[PDB]
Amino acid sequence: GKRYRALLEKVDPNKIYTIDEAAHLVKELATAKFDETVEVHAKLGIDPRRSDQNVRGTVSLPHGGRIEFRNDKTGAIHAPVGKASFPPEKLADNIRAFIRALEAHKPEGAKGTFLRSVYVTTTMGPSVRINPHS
């Protein structure tokens, strides 16, 4: 309803935020009822039909345990990078640690945009597109 749409006015439609900007913004787009989990959604440039071009692995996040991530057949992949309660600087570390883990799974030799689109959002909040190169 209007409760959800009030958070969309805070997010800039066609602006690609930095990882540090989204870290504070994602905390503002969360309610204090149940601690909302912060997630990262990245559409990988790999073809989700190839028998050898598949991404699957784990990464020890600097602030928490390890997370399992595999390319769901839309080419996109999600992963929990902490909670809304987490400090802004610690979330940014988890975003980067996950992005760098994905970048390690980039096709052998093949050059191109491996990370097409990247978004940081909570379970009950709006999406925030970020520059993974910040």
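One-based numbering along the sequence shown.
Legend: mean Cα B-factor per stretch from the PDB entry, 52-60 versus 31-39; the higher mean is in 31-39. A summary of the deposited B-factors shows that, of 107-115 and 11-19, the stretch with the larger mean C-alpha value is 107-115. Comparing the C-alpha B-factors of 101, 79, 95, 44 in the entry, the top value falls on 44. Placement of the Cα temperature factor of residue 123 within the chain: highest third of the modelled residues, per the deposited record. When all modelled residues of the chain are sorted by CA temperature factor, residue 68 is found within the highest third.
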